[PDB]
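What follows is one structure encoded as structure tokens, with my remarks underneath.
Since every read-out is calculated from the coordinates, none of them should be taken as a lab result. Cβ sites come from the backbone with ideal geometry, for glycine too, and all protein chains shown count toward neighbours.
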Amino acid sequence: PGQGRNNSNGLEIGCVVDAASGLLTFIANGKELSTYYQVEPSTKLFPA
Amino acid sequence: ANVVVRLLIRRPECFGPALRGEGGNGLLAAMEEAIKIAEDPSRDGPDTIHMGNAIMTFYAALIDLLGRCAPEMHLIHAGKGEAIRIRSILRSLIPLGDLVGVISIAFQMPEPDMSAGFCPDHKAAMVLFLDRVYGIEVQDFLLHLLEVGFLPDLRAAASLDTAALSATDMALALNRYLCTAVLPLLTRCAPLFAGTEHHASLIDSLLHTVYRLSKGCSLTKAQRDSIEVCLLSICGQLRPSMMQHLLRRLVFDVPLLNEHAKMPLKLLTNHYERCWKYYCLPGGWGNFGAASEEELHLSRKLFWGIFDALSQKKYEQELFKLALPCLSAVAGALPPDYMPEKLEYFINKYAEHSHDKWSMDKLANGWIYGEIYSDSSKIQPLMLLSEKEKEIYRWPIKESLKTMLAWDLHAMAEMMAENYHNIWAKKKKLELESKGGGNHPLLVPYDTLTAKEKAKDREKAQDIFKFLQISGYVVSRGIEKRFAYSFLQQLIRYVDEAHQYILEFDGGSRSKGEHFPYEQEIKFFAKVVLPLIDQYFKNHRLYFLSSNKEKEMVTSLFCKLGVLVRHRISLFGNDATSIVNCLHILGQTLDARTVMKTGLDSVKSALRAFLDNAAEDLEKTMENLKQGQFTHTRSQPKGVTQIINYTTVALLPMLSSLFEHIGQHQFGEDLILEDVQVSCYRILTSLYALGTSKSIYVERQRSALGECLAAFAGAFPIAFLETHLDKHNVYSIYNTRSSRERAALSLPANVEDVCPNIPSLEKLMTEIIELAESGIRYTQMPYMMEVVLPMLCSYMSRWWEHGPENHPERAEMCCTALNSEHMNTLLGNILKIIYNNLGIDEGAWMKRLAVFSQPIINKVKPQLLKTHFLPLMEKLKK
């Protein structure tokens, strides 16, 4: 809240993929997001 | 030129020291130093000769000499390699950027000023060199030259326009150089700057500055003509959407109808005629776009402005003949179907939101809180603008609200931006007057200025209006039948007024040497409005089959005009052809189906009465020609002569057009019935007897007689020659009307008695067979080779469409007995006659017979080929 007008460097969204557990996690400017995903084994994920 | 160039290149010492490579000072720097010489009295040291002026004239003369000794014209340069070498040498000699700089060096607007300094002849020399040697082709190059120096000279001309300022010799000389600089654009690169808009600001500035120039005072006739040609070319091949501001200016200026109004009349004429689709078609002129609602409103306002202005204006042959194409073009382009406490709260809310916006913007830039508002250290007390700045900027918001309250949202924002620009221009003009300085070009309005300066105020206007709509306050300035009904109502009022003028003029005795004002009004009508109506019905949907009350007004106007022509054709001595052509187009655009349904009953009864009057005139012509009174008869009464002339000239082709349209659109079954049928039988009898009469004037007018009779036969949906077969037809007047009703309508109990003079259908068969046997010719019996053979051709075409072979189910109901066998018989008779004609040199009628049989060539049996087609064409080969 407030980063749309206060952040001069923009928004950075970092995506982390743990392939051993099939876990996708997201971080917003150093703050961990509550939204995470679990994928199936042998799944190929494309950054997009 | 070649030897001069050789000598100059061999000895560069002839050139100026700046131009020579020993110094390399440059031409632009040479003129700058000449200006400095002029400023410095010591530099222009001791009838007297201005030393800098002497240098400057020397350089201008050298530039002019080089430009004139350049290759003559483009094909000479292309073909002659030596000319290519000369042009390359001159290009290397003189840089293009130096030419641009010298053409940009502007003059001092005078309180006289002495002729010393840069002069229009110098600019003319440099622009001539740039035009001839380097060439002026690239579009960005054109725009750059226009913005650099070219437009500033136009701004100076706009300033110099005023009477004393034109009294200045600077204005006079600049006018000469201005012609020599304006002719370039059009002659060389009319298409290009009009094909692009990369500097639409420059485009509009050029257009309105040239227009203000055209509104000059001391301009010579040739100068004004040159300006007018420039404006016409630029407009006639510039994008319609990008000179709308100029459209506005001409909209205010044309209704004045002054001497200067001639050029804008041409301008609008060409604009509308050119982009007609843009202002009428839904998609307009394709990718060019379509006229916005504002453009259509402006065009309509100008249309009625010119209409009323020409109505009030005294009729001038030149002025009105020039204005008629303009009004016609605008008519063609216009589509036929075209139709407080809250503000204080808004100020408070906008102030809060603007404070938030300033805080956000300053923190994004990197500002810090501080007492001072200086941007060097990036400190603000409003977290660039301070609290004092905010409270003073509050004032223009309230001023704009008050202004537009005393006066959609985007249009009002543009209006407020123009108002603030005008007040700022007034303030800066007052400051300049107080300081005793020259007037800046920004004093002229936003439209006269470029579009770029408008955007600065437009951004603020858009912002304040966004805040207004966020707050929730909306402020402003404060049928398709009606479009036509209005302008056609001007026409109907015109026609009623003309009827009144003609009636009054006929009632009052003519005065020798005194022209009637009513007659003057009649002449003005017949020479302006009368041509305009036909152009209206051309390229306009007025019968609304592509406004039913529009169709009714068209029919009523037709009735009024027909009555006027019937009673007072002789008055329209020179406009008779025009009004008859307007009757033709009225019949072409007339919807008789609407005359029958959704048409005012008094209007349709008046149409019936007018057709009955035409029948009465035809009967009078019958009687006069039978008695021997025609044009060739010297002893002919004036009224009889008027009746015969009216009939033969106007009434035949006009009714021909009406009945042709009726037959094409199947309007006979709806308009022609009952009393109309009785009057149409009267017309049929009249035409038949007139054709039968062998008078010389009848022979002269035979074409129209037949044309009308055939048109009537086609248009009619009922049988009128099937004497012994009309009983079978359901549409028959004898089947519908009773015996007593027909007796009241003046019809006997026998169709044979109704049409006794005309031979029956079987007797027509026998006569046509006799034609085929005897080999009639227009020399011996023209009446039914080239006059009535078309009649029976159209007759049999109509009844062949409605005959038993086309309608086997209705064969008993089909009164006609004309089949495909009869079709072959008639076509074969035509070709037998044509074969008899083959081998004479008078058969101008055969081509007419071909035209007559053209509708009936593709509905025959193939058996006719070997019988007749081969012999005729074999003899043609012979």
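The table below lists the values:
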| read-out | value |
| --- | --- |
| Pairwise FRET efficiency - residue B:574 versus residue B:842, Cβ, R0 = 30 Å, nearest 0.05 | 0.30 |
| Between segment B:849-878 and segment B:725-764, the alpha-carbon center distance in angstrom | 36 |
| Alpha-carbon radius of gyration plus Dmax, which is the widest Cα pair, for segment B:719-775 in Å | 14.0, 46 |
| Viscosity 1.567 mPa s, temperature 4 °C, Stokes-Einstein D of segment B:1-111 from Kirkwood C-alpha radius, µm²/s | 83 |
| Debye-sum result for segment B:253-305 in log10 I(q)/I(0), which assumes one identical scatterer on each alpha carbon, at q = 0.25 Å⁻¹ | -0.98 |
| Net +/- balance of residues flanking residue B:124 in space, Cβ distance below 9 Å, scoring K and R +1, D and E -1 | 0 |
| Point-to-point label distance, residue B:304-residue B:200, nm (Cα→Cβ direction, 7 Å offset) | 3.0 |
| Exposure proxy order (Cβ contacts within 10 Å, fewest to most) of B:787, A:17, B:730, B:595 | B:730, A:17, B:787, B:595 |
| Whole-Hz couplings from phi, Karplus 6.51/-1.76/1.60, listed for segment B:7-24; x for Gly and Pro | 5, 5, 5, 5, 10, x, 4, 4, 7, x, x, 5, 5, 5, x, 4, x, x |
| Average beta-carbon neighbours from other chains, 10 Å sphere, peptide B:362-374 | 1 |
| Dimensions in Å of segment B:385-449 - Rg and Dmax from alpha carbons | 14.2, 42 |
| Order of A:35, B:723, B:641, B:779 under a 10 Å beta carbon neighbour criterion, fewest first | A:35, B:779, B:641, B:723 |
| Segment B:635-792: relative contact order in percent, alpha carbon pairs under 8 Å with at least 6 residues between | 25 |
| Rg(Cα) / (2.2 N^0.38 Å) computed for segment B:48-96, rounded to two decimals | 1.49 |
| In segment B:488-532, GluC sites (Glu not before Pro) in a DSSP loop with at most 10 other beta-carbon atoms within 10 Å | B:514 |
| Cα-based Rg and Dmax for segment B:691-813, where Dmax is the largest Cα-Cα distance (Å) | 16.1, 47 |
| Nearest-20 debye value, chain B charge dipole, Cβ charges on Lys, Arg, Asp, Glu | 1060 |
| Whole-Hz ³J(HN,Hα) from phi, Karplus 6.51 cos²θ - 1.76 cosθ + 1.60, for segment B:150-161, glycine and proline x | 5, 4, x, 5, 5, 4, 4, 4, 4, 5, 5, 3 |
| Ranking of B:47, B:356, B:153, B:612 by count of other Cβ atoms within 10 Å, fewest first | B:47, B:356, B:612, B:153 |
| Hits among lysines - C-alpha to C-alpha of residue B:262 under 30 Å, sequence gap 8 or more where chains match | B:215, B:221, B:277, B:301, B:313, B:314, B:321, B:523, B:527, B:538 |
| Rel. contact order, % - alpha carbon contacts under 8 angstrom, at least six apart, segment B:116-212 | 42 |
| Relative packing of peptides B:201-210, B:185-194 - highest average C-beta neighbours within 10 Å first | B:201-210, B:185-194 |
| Kirkwood Rh (inverse of mean 1/r, distinct Cα pairs), the protein assembly as shown, angstrom | 36.6 |
| Whole-Å distance, taken between Cα centres, linking segment B:592-670 and segment A:9-42 | 92 |
| Dipole of segment B:91-211, positive end: most advanced residue of B:102, B:128, B:207 [Cβ charges, Cα centre] | B:128 |
| Förster radius 51 Å - calculated FRET efficiency between residue B:766 and residue B:316 (Cβ-Cβ, nearest 0.05) | 0.20 |
| Convex hull (Cα only) mean projected area of segment B:582-654, reported in nm² to one decimal | 5.6 |
| Cα-based Rg of segment B:774-868 normalised by 2.2 N^0.38 Å, two decimals | 1.14 |
| Nitroxide proxy distance, nm - points 7 Å out along Cα→Cβ at residue B:252 and residue A:16 | 6.9 |
| Spin-label model distance (nm) - residue B:872 vs residue B:480, 7 Å beyond Cα toward Cβ | 4.7 |
| Fraction in percent of alpha-carbon pairs per bin - 10 Å, chain B | 2, 9, 14, 15, 14, 13, 11, 9, 8, 5, 2, 0, 0 |
| Part-to-part distance (alpha-carbon centres) for segment B:233-299 and segment B:368-402, which is given in Å | 45 |
| Rounded to whole Hz, the Karplus (6.51, -1.76, 1.60) HN-Hα couplings of segment B:724-734, x for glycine and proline | 9, 10, 5, 5, 6, 6, 6, 6, 4, 5, 5 |
| Value of Rg/Rh across segment B:187-262 [Cα atoms, Kirkwood radius] | 0.96 |
| Exercise: per-residue mean of other protein chain Cβ atoms within 10 Å, B:853-863 | 0 |
| Residues residue B:632 and residue B:703, FRET efficiency given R0 of 22 Å [Cβ-Cβ distance, rounded to 0.05] | 0.80 |
| Assigned charges on the beta-carbon of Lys, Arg, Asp, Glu; segment B:588-746 dipole about Cα centre (debye) | 420 |
| Residue (of B:610, B:284, B:310) at the positive-pole extreme of chain B, dipole from beta-carbon charges | B:610 |
